[PDB]
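In what follows, a single structure is set out as structure tokens and then discussed.
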Amino acid sequence: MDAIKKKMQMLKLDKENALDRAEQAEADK
Amino acid sequence: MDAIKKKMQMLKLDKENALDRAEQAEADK
Amino acid sequence: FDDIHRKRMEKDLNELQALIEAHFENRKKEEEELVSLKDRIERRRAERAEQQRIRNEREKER
Amino acid sequence: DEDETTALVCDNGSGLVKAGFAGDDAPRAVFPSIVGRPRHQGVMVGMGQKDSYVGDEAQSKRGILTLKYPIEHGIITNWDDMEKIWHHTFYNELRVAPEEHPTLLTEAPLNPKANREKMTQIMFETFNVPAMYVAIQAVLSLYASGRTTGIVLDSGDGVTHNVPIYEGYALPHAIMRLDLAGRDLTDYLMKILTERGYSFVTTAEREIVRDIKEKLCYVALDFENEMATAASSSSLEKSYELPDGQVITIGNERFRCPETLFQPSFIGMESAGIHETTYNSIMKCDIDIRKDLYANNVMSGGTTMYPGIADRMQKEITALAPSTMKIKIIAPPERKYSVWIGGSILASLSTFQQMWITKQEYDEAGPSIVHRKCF
Amino acid sequence: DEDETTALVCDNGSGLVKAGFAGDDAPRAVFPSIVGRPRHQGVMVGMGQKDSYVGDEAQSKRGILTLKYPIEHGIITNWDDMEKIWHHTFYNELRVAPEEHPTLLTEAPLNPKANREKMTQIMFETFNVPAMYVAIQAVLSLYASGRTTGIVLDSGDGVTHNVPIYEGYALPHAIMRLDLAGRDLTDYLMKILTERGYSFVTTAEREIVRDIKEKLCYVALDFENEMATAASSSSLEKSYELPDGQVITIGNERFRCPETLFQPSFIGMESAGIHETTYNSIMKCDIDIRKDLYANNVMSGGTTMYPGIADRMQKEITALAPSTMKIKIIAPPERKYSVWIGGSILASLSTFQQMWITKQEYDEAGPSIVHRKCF
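Written out as structure tokens, the structure is:
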């Protein structure tokens, strides 16, 4: 179903991107 | 969609937590 | 804490593989057994139906 | 049939009866808190026929029964019907006997004391339970969800409790007990379905509406927008099949009912909604508490299972709440049945085995003892 | 034939229709809500003979007609037949064309939306009414009685709605809609008159039993004692004359009928009766409202004319009510005509001229507009 495929990947990406941002920003701060 | 009900909870929680971490990691200054 | 997350992935992936298999196999077993069974039921009913139609024609002549 | 004297755990509410044994992760069985009675004169001889039916029996034979719920918005009044519900729960489902097991029951923190005293009295005097413990639903709701700190939003059939707990301590001055519940939604839906040309007024009709609500209803994140489209097009309608083959098509009533949780004025209640009571229970707490409670609003009970409910409340609380701080709702899948699970957690704690009223202390003091021994 | 463009008042129910001109104190055209049709094969020719008969025509020629009621349990099920009732009522009896007379219709508060919009549509599209309004019977009953506060028991042929109003405001959460009305009391009497050897099933017979009920039945203040003597002696029997010169003598059936109001189980209804519903309409309102509703229990519509009913109700509510409190029933001789009177009061009120939906707003919005404009 597009809703599940598209959002599972986007929410997965929000997590991965946020996780990397947390590590990056934490390293800066 | 049982697979989704749980994957949905997993990803919403994991992205929200990762995002909360991304936001704090920078916000802490 | 992060071990909880690892445990969740361990059960979810053990479940995923168990599920890809169970989802597919439970249907292939039930579904192929069901059509095989009911393909035969369908054929047997059709044979009986033809036989009854013949029986009805024979009685009509009687 | 149990091989250990594990505590029995049961949530006997105005809606459902949940039961199982301490140490499990779910009730073994769940059924309605119903005792039914014939409303007709018998004419056939040798038909058996009970004076009263219990639980699933009450629903199965309901065509000629009037059905009553012994618990009224969280309190037990018809203790005789509840004795029958407990006997059925324990002996015909769990296959346990309280005589051989300590028993844990639960209630909201501002539930009238009469409830805890009557539950204690009956389990000790009619079931001969060796011990009793009346637990707090809020305590059990946070145990099941995994929090020592948070707001218990137990929005089930009886009453919404709204209690802040911090580091395992109550913050009782901030409890917003509210007369808004799943039970009111069933009756409200009967009235708005009447508006659509399908009147519902009897027990059978009420049980039909409770089924419509449980299967078709949701709240939605944006009420007015969902309303505008549901009121304008068949694309947001959903049908329901009645027990007698009739079909009802439901439109905006599908959410207008549940929306009463956010807009209580729909049923004539003087209230700002469940999101404001959550908000104020936090705002009445100290600022070094608020930072943890806003991030941990925790759902328990029914109605929390409606699509859009966690997002709807989080949005409203967030809108009322200050910025920088994070606001979050915890809404685990173990919904509606999580308080039972919390009961299992409490009943099985080693730190809880000194909290039991034994059937010694009970007879020396009488049932009022629960008021001093449990909390 | 009227000298002013005054709105008509037409209280069209499942029983009868009371119609007249706003500003007066009584209806001028009173007809049963009946459309009759011949059920026999003609033999003579040049006999006139209508396809359908209405109102008094339907009853005058009823010997060979089957008589139907277009309105059932508060709503119109056959609007084509209501157009026939309305055309006759308006043009032949009231002798008025709706084109210059806006017309007020009546409904119950929880009455299905479809009925309020269909009434609006017929008057605008078939009668070309310049404006429309559909009123709440409870509002009209309170105006007629000189009150802004009270419980209106509109106990007519269709539905008993049990609706509270306080300071002119609706208290909808406390409306107790009840599926017990004058039409059921008639059916009950037909069944117990069958027990006495006088079965009534056909149209002529159905009309006779309704007339028997209206003339012979009562409630009194004590059912069991009244039954003890009615069932034991001819001294409590009353004879009714049937249309062909034959008679029927009726005993305790005379009170067992209307007793269904206090004992709904007599017709298979799951209800505690009209006094329980009156009580709940008062009790479910706020504690500072209850005192004014107890003191203003208002009788309206049909069945309010059973001997002993105003006092029977005050007694039955008093029995459920708290002590000290004064429970009072408002039951003027203008009983049942009070909805019509209120219709006149409201329709002609200067403060209510803006409440009429004009035939501008109607076509722009369609008939559903009545739902947003009348209240």
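As you go down the protein sequences, you meet chains Z, Y, a, L and K in turn.
Read in order, the letters of the first sequence are residues 1 to 29 in the authors' numbering.
Read in order, the letters of the second sequence are residues 1 to 29 in the authors' numbering.
Read in order, the letters of the third sequence are residues 87 to 148 in the authors' numbering.
Read in order, the letters of the fourth sequence are residues 1 to 375 in the authors' numbering.
Read in order, the letters of the fifth sequence are residues 1 to 375 in the authors' numbering.
No residue lacks a Cβ here, since even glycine has one placed at the ideal position from N, Cα and C.
(1) Quick check: does the Cβ of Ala228(K) come within less than 7 Å of any heavy atom belonging to the ligand SAM?
(2) What residues from chain L crowd round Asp179(K), counting only those whose CB sits closer than 7 Å?
(3) Can you tell me whether DSSP reads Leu180(K) as helix, strand or coil?
(4) Looking at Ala331(L) and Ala310(L), is the spacing between their C-beta atoms short of 8 Å?
(5) Output the boundary residues of the alpha helix (DSSP H) element that contains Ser281(L).
(6) Report the residue ranges of all beta strand (DSSP E) runs contained in full by the stretch 98-124 of chain K; include only those spanning at least 3 residues, in chain order.
(7) Taking the continuous beta strand (DSSP E) assigned at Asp11(K), which residues delimit it?
(8) Tell me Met299(K)'s beta-bridge partners as DSSP assigns them.
(9) Starting from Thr66(K), follow its DSSP beta bridges and name the residues at the other end.
(10) Using a Cβ-Cβ distance under 8 Å, would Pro333(L) count as near chain Y?
(11) Taking C-beta to C-beta, are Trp356(K) and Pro27(K) nearer than 8 Å?
(12) Note down the Cα distance separating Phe223(L) from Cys374(L), rounded to an integer number of angstroms.
(13) Can you tell me which of the three DSSP states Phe375(K) falls into?
(14) Would you say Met1(Y) faces chain B, with C-beta separation under 8 Å as the test?
(15) Tell me whether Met305(L) sits in a helix, a strand or coil according to DSSP, three-state version.
(16) Can you give me the C-alpha to C-alpha distance between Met82(L) and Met299(K), rounded to a whole angstrom?
(17) Which chain K residues are close to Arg254(L), counting only those with a beta carbon under 9 Å from its beta carbon?
(18) Using only the alpha-carbon positions, how far apart do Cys285(L) and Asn296(L) sit?
(19) How should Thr229(K) be labelled, buried or exposed, when 16 other C-beta atoms within 10 angstroms of its C-beta is the threshold for buried?
(20) Can the beta-carbon of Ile274(L) be found less than 8 Å from the beta-carbon of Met313(L)?
(21) Tell me whether the stretch 190-205 of chain K and the stretch 153-172 of chain K touch, counting them as touching only if at least three CB pairs, one residue from each stretch, are closer than 8 Å.
(22) Do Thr89(K) and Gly55(K) count as a contact pair if the criterion is CB distance below 8 Å?
(23) Select from the stretch 101-120 of chain K all residues with a C-beta closer than 9 Å to any C-beta belonging to chain L, and list them in chain order.
(24) According to the neighbour-count rule (16 or more other Cβ atoms, all chains shown, within 10 Å of its Cβ), is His109(a) buried or exposed?
(25) In chain Y, which residues lie less than 8 Å from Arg92(a) when you measure between Cβ atoms?
(26) Just checking: is the beta-carbon of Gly268(L) within a distance shorter than 8 Å of some beta-carbon in chain K?
(27) Looking at chain K, is there any beta carbon in it that lies within less than 8 Å of the beta carbon of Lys213(L)?
(28) Which residue from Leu65(K), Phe31(K), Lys213(K) puts its Cα closest to that of residue 376(K)?
(29) How many Å lie between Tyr166(K) and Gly150(K) at the Cα?
(30) Identify the contact partners of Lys15(Y) in chain Z, using a Cβ-Cβ distance below 7 Å as the criterion.
(31) Thinking C-alpha only, which one of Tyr69(K), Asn115(K), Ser271(K) is nearest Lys84(K)?
(32) At the 8 Å Cβ level, is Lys5(Y) part of the contact set with chain L, yes or no?
(33) Going by other Cβ atoms of all chains shown within 10 Å of its Cβ, with 16 needed for buried, is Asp157(K) buried or exposed?
(34) Using beta-carbon positions only, say whether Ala18(Y) and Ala25(Z) come within less than 8 Å of one another.
(35) Tell me whether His101(K) is buried or exposed, calling it buried when 16 or more other Cβ atoms sit within 10 Å of its Cβ.
(36) What alpha helix (DSSP H) runs, 4 residues minimum, are completely inside the stretch 168-239 of chain L?
So, from the data block:
(1) As far as ligands go, the structure on display features none, and thus does not contain the ligand SAM.
(2) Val201
(3) coil
(4) yes
(5) 274-283
(6) The stretch 98-124 of chain K contains these whole beta strand (DSSP E) runs: 104-107.
(7) 8-12
(8) In the DSSP assignment, the residues bridged to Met299(K) are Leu153(K).
(9) Answer is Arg37(K).
(10) yes
(11) no
(12) 42 Å
(13) Looking at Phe375(K) - three-state DSSP - the assignment turns out to be coil, as it is neither helix nor strand.
(14) Going by chain labels, chain B is absent from the structure shown, which instead holds the protein chains Z, Y, a, L and K.
(15) coil
(16) 40 Å
(17) Result: empty, since nearest Cβ-Cβ is about 16 Å, beyond 9 Å.
(18) Those two C-alpha atoms are separated by around 14 Å.
(19) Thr229(K) should be labelled exposed.
(20) yes
(21) no
(22) yes
(23) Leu110, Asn111, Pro112, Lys113, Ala114, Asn115
(24) Exposed.
(25) Going along chain Y, no residue has its Cβ under 8 Å from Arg92(a), so there is no contact; the nearest lies around 12 Å.
(26) yes
(27) For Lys213(L), the nearest beta carbon of chain K is not closer than 8 Å to its own beta carbon.
(28) Absent from the model: residue 376(K). The displayed extent of chain K is 1 to 375, so no value can be given.
(29) Looking at the two C-alpha atoms, the distance is approximately 6 Å.
(30) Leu11, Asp14, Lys15, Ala18
(31) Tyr69(K)
(32) yes
(33) buried
(34) no
(35) buried
(36) 182-195, 203-216, 223-230
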